[PDB]
Amino acid sequence: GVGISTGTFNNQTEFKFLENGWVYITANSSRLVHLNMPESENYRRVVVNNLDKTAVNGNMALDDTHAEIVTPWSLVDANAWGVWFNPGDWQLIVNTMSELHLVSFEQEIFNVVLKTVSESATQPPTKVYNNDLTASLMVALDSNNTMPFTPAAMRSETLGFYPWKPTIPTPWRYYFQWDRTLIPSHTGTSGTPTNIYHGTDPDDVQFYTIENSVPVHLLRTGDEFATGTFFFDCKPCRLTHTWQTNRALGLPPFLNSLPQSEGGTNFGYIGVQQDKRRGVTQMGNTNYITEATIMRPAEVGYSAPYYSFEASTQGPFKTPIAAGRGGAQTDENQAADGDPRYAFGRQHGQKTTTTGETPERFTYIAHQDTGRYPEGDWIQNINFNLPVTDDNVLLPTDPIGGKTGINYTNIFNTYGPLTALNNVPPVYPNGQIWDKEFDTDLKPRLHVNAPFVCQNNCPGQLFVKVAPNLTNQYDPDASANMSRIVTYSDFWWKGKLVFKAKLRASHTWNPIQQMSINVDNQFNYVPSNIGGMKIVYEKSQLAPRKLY
Amino acid sequence: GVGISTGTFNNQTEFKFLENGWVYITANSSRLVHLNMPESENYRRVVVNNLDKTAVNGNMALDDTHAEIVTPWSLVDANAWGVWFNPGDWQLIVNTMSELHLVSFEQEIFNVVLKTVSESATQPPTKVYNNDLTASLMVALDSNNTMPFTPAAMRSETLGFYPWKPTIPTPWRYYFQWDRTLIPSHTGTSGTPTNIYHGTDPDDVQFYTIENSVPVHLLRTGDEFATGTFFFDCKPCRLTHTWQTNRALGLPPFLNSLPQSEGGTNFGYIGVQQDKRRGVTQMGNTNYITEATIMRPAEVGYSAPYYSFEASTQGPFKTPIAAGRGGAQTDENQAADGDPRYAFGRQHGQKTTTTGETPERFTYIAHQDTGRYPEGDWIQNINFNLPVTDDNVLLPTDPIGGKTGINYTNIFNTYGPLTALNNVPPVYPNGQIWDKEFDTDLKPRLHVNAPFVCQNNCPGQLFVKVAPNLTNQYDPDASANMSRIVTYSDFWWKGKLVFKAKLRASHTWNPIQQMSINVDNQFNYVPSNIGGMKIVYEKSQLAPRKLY
Amino acid sequence: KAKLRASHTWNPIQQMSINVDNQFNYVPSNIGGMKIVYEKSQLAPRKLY
């Protein structure tokens, strides 16, 4: 009713330990959510076409052209790690657990409050806020997944990461099919390469509305809404990283001479002439057995074209790759392709007391070693006569198509039946948690945005909207926009996300890497003297595991 | 109560498939409804008499004279296809179903909100809107059908067709008996033809009031009202059209010579002299057997006087006809009589962002071929001596009564015991769905406004009205109008309309006509960049069926 | 064994239809000539993601 609360605030994280070294992790998250009435009550079909940017030759990667349906609804999205875990919980999980299973997800809305704004227009302007006891909040749960899946973490538009900071939902919109052609060019390209927005293909038209597809609940101040528990069916997520490349698989060569003194100058030696060695190689016309040429069971990782842009009906898009560059761990400047870069605002980790629209950014450098170092690649002739002469070798410094800045590694692909790789690591706090699986006949082996992929279904998207609060002068047959009482809503959101994790064991004599507070990062985890908070990113696959 | 919702919004359409190829179609429709208090609380008896228009000789078809009772009540009418189906649902129904049965209808009112308007009269005028927690909405359901039946679709005044667009009811009024004489004239008629409103016949007086005939429910903000389910008893509606005229019934003549090469010049020939043929004709004094003269089982369609205006006690009215003109399908300009013309506003399909009072209009051209082409008719003498001479034939170009613009087809009637015809097709979105049957001893074989006709009864009309909100200065013995607090109501309406449809079968080698989105009509089914919507009309009897 | 399609969107979808242009692809000629022109099979869209 008017004066009775309809729910409870809970933002605790409970670790319930089982037998056999498993733990149930139930993350409770609660937020005060602020929602204004939509700018307009109508669905819009809006085309964006930044021709000015792409009209500059060589700027085709800056294409923003697209068509989207703008809806009056707002999306409540909790699909991001920072929503559910503070840094202490994350430290516990990543330091003490070896794998993580996504179990269930629940959410509810309670203590709904709706208010109207009255502006007096007095010479000193002033306004007052009145409770609208009979106004309603419209809530729709797309449990059948009829609406397009639009996870907000990819735009950094989920619920905020601070329990004591009120947050907002994000205005909902989804892609509307369009055709677009963009011929690539470079600086010094003569003329205007074709840069055209062709319109919409009628056979691909899909205009979705919430009202026609989803039951809509009207919540007054005394009402509440609960989704019920959803249970996931995803694969487990490892909290360890592999380090073994092809060079560290299997039995090392026997060393016939071992160092007799310590130091960095005292190496061992195999002690057998390279073409007089025993073992197996896939090179049937050579006698050289070396660490480079010896047969390995399969290939860890794969090379892919990097900063390749493929074009389809909707225009160019970057070719995604499964794993980040090799050597980025030793030199952060070499992260580049496959190392996800996250940009986010003050709701999601940026120091809350900073000013300006510039976001906080970081590039995630995963601990796993499944990537490539293209400067170390080469192709050489089948004859394999060593030392290889210039004409019999293709080096990463050899131009392709006459371009000094492009080599064969830029267009190289070694993905095959022997390729082995890992799933993407969780990115705390900004990374997405779960993602819907594509509805294609043949599905990708993984996603690059979330560790957990929903095979059959995962929870319906939650949509909210302030119900129209008409004045006395409404006229439906009038073309002009509806005249509404300025109305906004504050409601409380509570979610429960349950995981199942396995406690790690100590397999080696040595200790392993562990997340730790220290003198340098100390003040990333406590408020400033004026209450400024931040959440810096954390790694998740600290402990190694043996690949083979 | 004040802070508790009393219902749920639902605008989904569910198709539940049965055994034997039948489907239950349940259309859920929900609307926010805006209602101001009535202009006056009194019933009025108002006479309209546009003498200025009809005083012009030859304008008698423009007569608007009538008497009506103007009531303080408002009618909530959902009897129109656009209220229940969006274009996608309609496409599914008309492309995949062969017949449609009207099953049941339910409706309810919930989340009632009543507000008052306070105008400050400050030098910059301003107003504020307060909830009247104790005000009431008066709701009356004429389940016994005591009130006159006034379906709003004929005035294009039903609930709107957009779930996300708030709508309004229509002020209720009904006809009050009057006597009126209007002698027809033409331009150049001398003098003033008698054009008189005679008043009211006392034995025909019927003054209905809601309060004396219907229980009235007072709904406060915490109250709701449900009608209960009404079950129809109407005939099924076909979703196929017949094409066979009299000329395509039964066995065609045997062709004794068939074409030996393809092309439009290579016809077949019957190969028997016309007066030497075998078969049956109704022309007992001729030996000519032709496709025109051969006996057919009955007559498909009938000729009727067109733009005939008959006069009765209340003045002239146009003679209705069952089916539209023949040849209108090939040439839209020849639609004319029997092809219903719909005019409607921005609630009911007109582009919502257009401006001006000019309505959107279309003429429905039915696919059925039961009409007539009067320019092809003729009458000739019983002697039937061919080729018929001028004096022995009456042609559509022969003047009647000396008028060059009037021929015998204008006054012709071929309705008889051999006449066969079809029911009117559904008109999406603006067409009426169901209609009440006349209370005459002898009933019409069909209605021209709705495919489904209620034999015994169909649902009671739903009436709403803001209850009087008196100031402190009310004086019943004062002749001046009641002084009321400016009060209006917003309530939510939800209806459930259930159909039963049969899945169509493929009877022929060839495919049939099907409703489809294409490059030309593509943008009729999606919002504009500023949220403008429209609903264009659709046909409903696309697939053919064999008549005989 | 086939599943009946549902209408997921406000708009109608593409549908195979006889029209004035393709009409005579589906009936015999005056000398009995027949043809069978190809047809598409994935007319209705579905959301990938």
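Residue numbers start from 1 in every chain, and the chains themselves are labelled A, B, ... in the order their sequence lines are given, proteins ahead of strands. Note: hydrogens, waters and symmetry copies are ignored here, and every other heavy atom, side chains too, is used.
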request  = May I have the step-by-step check of side chain to side chain contact (heavy atoms under 4.5 Å, CB included) for B:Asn457 and B:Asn145, ending in yes or no?
outcome  = CA-CA 8 Å; B:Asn457 280 306; B:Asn145 297 300; 2.9 Å; yes
ask   = Run the side chain to side chain contact (heavy atoms under 4.5 Å, CB included) check on B:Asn456 and B:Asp233 step by step: do they pass?
value = CA-CA 8 Å; B:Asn456 289 276; B:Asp233 65 6; 2.9 Å; yes
Taking the six-membered ring for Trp, are the ring centroids of [X] and [Y] within less than 6.0 Å of each other?
X        : Y        : value
B:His101 : B:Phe452 : no
B:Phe161 : B:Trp84  : no
B:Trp90  : B:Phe499 : no

inquiry  = Using every non-hydrogen atom in the two residues, find where B:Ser29 and B:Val83 come nearest and quote the distance to one decimal.
reply    =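 Taking every non-hydrogen atom into account, OG-O, 2.9 Å.
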Which side-chain N or O atoms in residues 535-548 of chain B pair as donor and acceptor under 3.5 Å with protein atoms at least two apart or in another chain?
{"unit_1": "B:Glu538", "atom_1": "OE2", "unit_2": "B:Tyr525", "atom_2": "OH", "d": "2.6"}
{"unit_1": "B:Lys539", "atom_1": "NZ", "unit_2": "B:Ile365", "atom_2": "O", "d": "3.4"}
{"unit_1": "B:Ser540", "atom_1": "OG", "unit_2": "B:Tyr364", "atom_2": "OH", "d": "3.4"}
{"unit_1": "B:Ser540", "atom_1": "OG", "unit_2": "B:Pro426", "atom_2": "O", "d": "2.7"}
{"unit_1": "B:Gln541", "atom_1": "NE2", "unit_2": "B:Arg238", "atom_2": "O", "d": "3.2"}
{"unit_1": "B:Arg545", "atom_1": "NH1", "unit_2": "B:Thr240", "atom_2": "O", "d": "2.9"}
{"unit_1": "B:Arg545", "atom_1": "NH1", "unit_2": "B:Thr240", "atom_2": "OG1", "d": "2.9"}
{"unit_1": "B:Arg545", "atom_1": "NH2", "unit_2": "B:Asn422", "atom_2": "OD1", "d": "3.1"}

Side chains of [Y] and [X]: any donor to acceptor distance under 3.5 Å?
X        : Y        : value
C:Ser17  : B:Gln513 : no
B:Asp435 : B:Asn449 : yes
B:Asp391 : B:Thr389 : no
B:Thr187 : B:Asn57  : no
B:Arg277 : B:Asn287 : no
B:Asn383 : B:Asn381 : yes
B:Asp339 : B:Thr363 : no

Heavy-atom count check: over 12 atoms from other residues, nucleotides or ligands less than 6.0 Å from [X] [atom1]?
X        : atom1 : result
B:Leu62  : CG    : yes
B:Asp439 : CG    : no
B:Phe438 : CZ    : no
B:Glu332 : CD    : no

inquiry  = As a quick check of understanding, evaluate side chain to side chain contact (heavy atoms under 4.5 Å, CB included) for B:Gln329 and B:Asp369, giving each step before the final call.
reply    = CA-CA 9 Å; B:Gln329 299 168 11; B:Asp369 294 323; 2.9 Å; yes
How long is the span from the [atom1] atom in [X] to the [atom2] atom in [Y], to the nearest 0.5 Å?
X        : Y        : atom1 : atom2 : result
B:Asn333 : B:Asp331 : CG    : CG    : 5.0 Å
B:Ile411 : B:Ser308 : CD1   : OG    : 10.0 Å
B:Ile93  : B:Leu239 : CD1   : CG    : 8.0 Å
B:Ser156 : B:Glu360 : OG    : CD    : 11.0 Å
B:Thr319 : B:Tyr306 : OG1   : OH    : 13.5 Å
B:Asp89  : B:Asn86  : CG    : CG    : 4.0 Å

Would you check if the side chain of [X] reaches a backbone N or O of [Y] as a donor-acceptor pair within less than 3.5 Å?
X        : Y        : answer
B:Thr440 : B:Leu442 : yes
B:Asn518 : B:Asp520 : yes
B:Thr189 : B:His186 : yes
B:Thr242 : B:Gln244 : no
B:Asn266 : B:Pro259 : no
B:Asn423 : B:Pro451 : yes
B:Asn430 : B:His348 : yes
B:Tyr302 : B:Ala322 : yes
B:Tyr428 : B:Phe85  : yes
B:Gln91  : C:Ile13  : yes

Does [X] reach the side chain of [Y], with side-chain heavy atoms less than 4.5 Å apart?
X        : Y        : value
B:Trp434 : B:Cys458 : yes
B:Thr13  : B:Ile25  : yes
C:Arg5   : B:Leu92  : yes
B:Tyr175 : B:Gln177 : no
B:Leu249 : B:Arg247 : no
B:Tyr307 : B:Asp337 : yes
B:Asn524 : B:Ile517 : no
B:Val388 : B:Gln380 : yes

Under-4.0 Å salt bridge between [X] and [Y]:
X        : Y        : answer
B:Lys235 : B:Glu99  : no
B:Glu299 : B:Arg372 : yes
B:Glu291 : B:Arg296 : yes

message = Would you call the rings of B:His241 and B:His367 parallel, tilted or perpendicular, taking 30° and 60° as the class edges?
response =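 Tilted, since the angle between the ring planes falls between 30° and 60°.
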message = For B:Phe384 and B:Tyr288, take the angle between the two ring planes, folded into 0 to 90°, and tell me which bin it lands in: parallel under 30, tilted 30 to 60, perpendicular over 60.
response =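 It falls in the perpendicular class, over 60°.
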task = Sequence neighbours left out, what passes ring-ring contact (aromatic ring centres under 6.0 Å, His included) with B:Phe230? Give chain and number order.
result =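 ring-ring contact (aromatic ring centres under 6.0 Å, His included) check on B:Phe230 returns B:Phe232.
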query = Looking at residues at least two apart in the chain, or sitting in another chain, which of them share a ring-ring contact (aromatic ring centres under 6.0 Å, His included) with B:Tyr408?
reply =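 Result, ring-ring contact (aromatic ring centres under 6.0 Å, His included) vs B:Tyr408: B:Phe412.
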task = Mind running side chain to side chain donor-acceptor pair (under 3.5 Å) on B:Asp179 and B:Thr313 for me, showing each step along the way?
result = CA-CA 5 Å; B:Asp179 287 38; B:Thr313 307; 5.2 Å; no
ask   = Run the ring pair (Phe, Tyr, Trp, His ring centres under 6.0 Å) check on B:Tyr24 and B:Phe17 step by step: do they pass?
value = CA-CA 6 Å; B:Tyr24 287 174; B:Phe17 296 101; over 10 Å; no
